[PDB]
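Working notes, beginning with the structure itself.
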Amino acid sequence: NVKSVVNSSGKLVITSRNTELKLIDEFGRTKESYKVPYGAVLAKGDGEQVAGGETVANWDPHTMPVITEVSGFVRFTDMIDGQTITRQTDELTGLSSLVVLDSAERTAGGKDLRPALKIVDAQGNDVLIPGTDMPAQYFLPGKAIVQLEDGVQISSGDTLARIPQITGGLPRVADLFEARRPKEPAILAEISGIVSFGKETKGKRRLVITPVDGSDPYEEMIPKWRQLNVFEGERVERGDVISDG
Amino acid sequence: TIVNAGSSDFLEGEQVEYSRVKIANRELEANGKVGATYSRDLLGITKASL
């Protein structure tokens with residue numbers, strides 16, 4: 001369940017949510033199994049025989065990376081200062097860039113605008129994602145600190161954006177057998193299809209899922225104070241996790 | 001729980017026994033008709049035993 005790409009150093013950065021790693025010996029039996037988050041860097045490739053006690057993958061737990069698959073130039077689409085982002089200059093490091101705010105922070109001027117980053121070439125035209133047809137742009141979510149200003153070239157494996165972040169015993173068995181709903185359950189993908197958002201009026205956010213070749217309409221409501229581990233450009237699978245829990 | 005009663009006797013949103021639905025569908029399949037489509041339910045042991 002892996003969908004990854006090689007970076008500049010030759011290492012592999014994974015862009016799939018459900019990537020699983022396993023150790024299989026020469027007799028063909030699994031011995032160890034591990035889970036890999038979104039954006040981990042692999043020391044060894046798939047099928048490469050390894051020895052014992054060697055690290056094989058590293059990642060950042062404190063921040064989710066929004067990583068671009070293609071290499072080229074970044075242009076800030078729907079980028080209006082004072083309504084979508086803010087300009088902050090640090091006092092110690094001196095190495096700062098734009099900070100993207102959110103609807104609960106920006107005024108009504110930015111509530112009708114969706115700041116995003118688009119990927120182009122040196123020729124100024126869209127660099128379509130290989131194998132697909134839609135242009136390569138990514139909508140910046142709130143509280144994301146832009147690091148690379150306009151006119152800074154990128155490549156696959158670059159942090160195009162960075163998003164900072166049981167009982168046990170007899171009662172656990174009793175709750176399992178009584179089928180009690182957990183306090184804050186995980187949100188699952190009701191149906192498989194490309195995802196999108198709606199209007200976040202009042203105290204909720206709206207998700208929309210549309211199958212590529214099925215019955216298009218389907219929407220859900222979410223308490224907007226809940227973290228999502230999905231992007232607006234990705235198509236999901238039925239039963240997949242949309243929120244952790 | 002029934003979702004589309006088909007040619008059966010059940011209702012639109014009635015809760016029934018799964019084995020009864022199986023028997024009814026087995027009977028209706030022998031008369032060249034259409035049975036009822038259903039969805040399974042999960043109940044707790046206290047709720048299932050009452």
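Naming works like this for the structure tokens: A, B, ... for the chains as they're shown, residue 1 at the start of each chain, ligands 1 onward in shown order.
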Chain A residues within 12 Å of chain B, counting only C-alpha atoms: which ones, as a ChimeraX atom specification?
-> /A:173-181
Writing out the chosen residues with N, CA and C atoms as a PDB file, in the first residue's frame:
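See out02.pdb below for the written result:
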ATOM      1  N   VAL A 173     -13.059  -5.306  28.463  1.00  0.00           N
ATOM      2  CA  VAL A 173     -13.772  -6.446  27.887  1.00  0.00           C
ATOM      3  C   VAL A 173     -15.275  -6.207  27.915  1.00  0.00           C
ATOM      4  N   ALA A 174     -15.783  -5.668  29.024  1.00  0.00           N
ATOM      5  CA  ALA A 174     -17.213  -5.396  29.119  1.00  0.00           C
ATOM      6  C   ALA A 174     -17.656  -4.383  28.070  1.00  0.00           C
ATOM      7  N   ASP A 175     -16.862  -3.331  27.857  1.00  0.00           N
ATOM      8  CA  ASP A 175     -17.205  -2.332  26.851  1.00  0.00           C
ATOM      9  C   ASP A 175     -17.094  -2.888  25.440  1.00  0.00           C
ATOM     10  N   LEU A 176     -16.148  -3.797  25.203  1.00  0.00           N
ATOM     11  CA  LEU A 176     -16.060  -4.439  23.897  1.00  0.00           C
ATOM     12  C   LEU A 176     -17.281  -5.301  23.619  1.00  0.00           C
ATOM     13  N   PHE A 177     -17.737  -6.061  24.614  1.00  0.00           N
ATOM     14  CA  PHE A 177     -18.878  -6.943  24.394  1.00  0.00           C
ATOM     15  C   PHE A 177     -20.201  -6.189  24.375  1.00  0.00           C
ATOM     16  N   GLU A 178     -20.291  -5.054  25.068  1.00  0.00           N
ATOM     17  CA  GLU A 178     -21.503  -4.247  25.023  1.00  0.00           C
ATOM     18  C   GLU A 178     -21.575  -3.348  23.800  1.00  0.00           C
ATOM     19  N   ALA A 179     -20.501  -3.262  23.014  1.00  0.00           N
ATOM     20  CA  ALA A 179     -20.450  -2.436  21.808  1.00  0.00           C
ATOM     21  C   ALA A 179     -20.800  -0.980  22.121  1.00  0.00           C
ATOM     22  N   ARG A 180     -20.032  -0.397  23.036  1.00  0.00           N
ATOM     23  CA  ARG A 180     -20.222   0.993  23.421  1.00  0.00           C
ATOM     24  C   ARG A 180     -19.432   1.894  22.483  1.00  0.00           C
ATOM     25  N   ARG A 181     -20.066   2.964  22.024  1.00  0.00           N
ATOM     26  CA  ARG A 181     -19.401   3.893  21.120  1.00  0.00           C
ATOM     27  C   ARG A 181     -18.332   4.675  21.874  1.00  0.00           C
TER      28      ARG A 181
END
Mind checking which residues fall within 8 Å of residue A:221, counting only C-alpha atoms, ignoring those fewer than 3 positions away in the same chain, and posting them as a PyMOL selection string?
-> chain A and resi 204-207
Using only C-alpha atoms, please write the residues we just selected to a file, as a PDB file, in the first residue's frame.
ATOM      1  CA  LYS A 204     -18.726  23.109  11.523  1.00  0.00           C
ATOM      2  CA  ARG A 205     -16.896  22.214   8.325  1.00  0.00           C
ATOM      3  CA  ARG A 206     -18.473  20.377   5.392  1.00  0.00           C
ATOM      4  CA  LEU A 207     -16.785  17.550   3.493  1.00  0.00           C
TER       5      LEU A 207
END
Enumerate as a ChimeraX atom specification all residues of chain B assigned to alpha helix (DSSP H) by DSSP on the backbone, naming them with the chain letters and numbers the document uses.
-> /B:18-29,45-49
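Going from atom CA of residue A:164 to atom CA of residue A:64 covers 6.2 Å.
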Mind checking which residues fall within 8 Å of stretch 8-24 of chain A, counting only C-alpha atoms, ignoring those fewer than 5 positions away in the same chain, and posting them as a PyMOL selection string?
-> chain A and resi 1-3+29-45+67+155-157
Residues within 8 Å of residue B:12, only C-alpha atoms, excluding chain neighbours under 6 positions, as JSON, numbers by chain | {"B": [2, 3, 4, 5]}
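Between residue B:9 and the residues B:21, B:49, B:40, B:26, the shortest atom-to-atom distance, using only C-alpha atoms, involves B:21.
Inside chain B, the residues DSSP reads as strand (DSSP E or B) when given the backbone are residues 2, 3, 4, 37 and 38 of chain B.
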note - atom CA of residue A:161 and atom CA of residue A:245 are separated by 24.3 Å
Using only C-alpha atoms, the shortest atom-to-atom distance to residue A:147 among A:192, A:243, A:97, A:123 belongs to A:97
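The two atoms in question, atom CA of residue A:125 and atom CA of residue A:158, are spaced 20.8 Å apart.
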Please identify all polymer residues within 12 Å of residue A:190, counting only C-alpha atoms, omitting same-chain residues fewer than 3 positions from it, and present them as a VMD selection string.
-> chain A and resid 186 to 187 193 to 195 207 to 211 218 to 221 236 to 242
Filtering to N, CA and C atoms, could you give me those residues as an mmCIF file, in the first residue's frame?
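File out04.cif, as written:
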data_model
loop_
_atom_site.group_PDB
_atom_site.id
_atom_site.type_symbol
_atom_site.label_atom_id
_atom_site.label_comp_id
_atom_site.auth_asym_id
_atom_site.auth_seq_id
_atom_site.Cartn_x
_atom_site.Cartn_y
_atom_site.Cartn_z
ATOM 1 N N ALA A 186 -13.037 7.606 15.607
ATOM 2 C CA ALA A 186 -12.395 7.929 14.344
ATOM 3 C C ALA A 186 -13.443 8.116 13.256
ATOM 4 N N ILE A 187 -13.182 9.049 12.349
ATOM 5 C CA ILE A 187 -14.078 9.314 11.231
ATOM 6 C C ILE A 187 -13.587 8.513 10.034
ATOM 7 N N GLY A 193 -14.157 8.154 -3.233
ATOM 8 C CA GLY A 193 -14.282 9.181 -4.249
ATOM 9 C C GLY A 193 -13.415 10.368 -3.903
ATOM 10 N N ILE A 194 -13.286 11.266 -4.881
ATOM 11 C CA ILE A 194 -12.479 12.464 -4.693
ATOM 12 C C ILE A 194 -13.161 13.381 -3.686
ATOM 13 N N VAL A 195 -12.357 14.014 -2.836
ATOM 14 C CA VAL A 195 -12.858 14.778 -1.710
ATOM 15 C C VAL A 195 -12.774 16.266 -2.026
ATOM 16 N N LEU A 207 -17.531 18.354 4.448
ATOM 17 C CA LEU A 207 -16.785 17.550 3.493
ATOM 18 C C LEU A 207 -17.732 17.037 2.419
ATOM 19 N N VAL A 208 -17.204 16.864 1.211
ATOM 20 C CA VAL A 208 -17.961 16.310 0.095
ATOM 21 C C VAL A 208 -17.113 15.234 -0.562
ATOM 22 N N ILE A 209 -17.723 14.088 -0.849
ATOM 23 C CA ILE A 209 -17.057 12.987 -1.532
ATOM 24 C C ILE A 209 -17.843 12.665 -2.792
ATOM 25 N N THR A 210 -17.149 12.615 -3.927
ATOM 26 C CA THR A 210 -17.783 12.358 -5.216
ATOM 27 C C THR A 210 -17.049 11.220 -5.909
ATOM 28 N N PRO A 211 -17.705 10.092 -6.170
ATOM 29 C CA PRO A 211 -17.049 9.023 -6.930
ATOM 30 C C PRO A 211 -16.759 9.466 -8.355
ATOM 31 N N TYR A 218 -22.362 13.133 -2.319
ATOM 32 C CA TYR A 218 -22.309 12.677 -0.934
ATOM 33 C C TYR A 218 -21.553 13.688 -0.082
ATOM 34 N N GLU A 219 -22.140 14.102 1.040
ATOM 35 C CA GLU A 219 -21.525 15.100 1.898
ATOM 36 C C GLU A 219 -21.694 14.703 3.356
ATOM 37 N N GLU A 220 -20.794 15.221 4.188
ATOM 38 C CA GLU A 220 -20.831 15.019 5.628
ATOM 39 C C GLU A 220 -20.463 16.321 6.324
ATOM 40 N N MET A 221 -20.816 16.405 7.602
ATOM 41 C CA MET A 221 -20.466 17.537 8.446
ATOM 42 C C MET A 221 -19.458 17.095 9.498
ATOM 43 N N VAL A 236 -10.040 8.861 -2.082
ATOM 44 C CA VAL A 236 -9.963 7.955 -0.946
ATOM 45 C C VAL A 236 -10.584 6.611 -1.316
ATOM 46 N N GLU A 237 -10.394 5.639 -0.431
ATOM 47 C CA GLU A 237 -10.964 4.307 -0.547
ATOM 48 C C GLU A 237 -12.038 4.128 0.518
ATOM 49 N N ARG A 238 -13.068 3.352 0.188
ATOM 50 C CA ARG A 238 -14.159 3.129 1.126
ATOM 51 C C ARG A 238 -13.646 2.432 2.380
ATOM 52 N N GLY A 239 -13.974 2.997 3.542
ATOM 53 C CA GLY A 239 -13.489 2.491 4.805
ATOM 54 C C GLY A 239 -12.182 3.089 5.280
ATOM 55 N N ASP A 240 -11.527 3.911 4.465
ATOM 56 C CA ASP A 240 -10.263 4.518 4.850
ATOM 57 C C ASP A 240 -10.473 5.555 5.950
ATOM 58 N N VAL A 241 -9.404 5.814 6.697
ATOM 59 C CA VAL A 241 -9.444 6.773 7.793
ATOM 60 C C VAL A 241 -9.418 8.187 7.231
ATOM 61 N N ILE A 242 -10.335 9.026 7.704
ATOM 62 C CA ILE A 242 -10.327 10.450 7.410
ATOM 63 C C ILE A 242 -9.833 11.261 8.601
#
What's the 7 Å shell around stretch 71-85 of chain A, counting only C-alpha atoms, without same-chain residues fewer than 5 positions away, as an NGL selection string?
-> :A and (98-101 or 106-107 or 109-110 or 113-122 or 150-156)
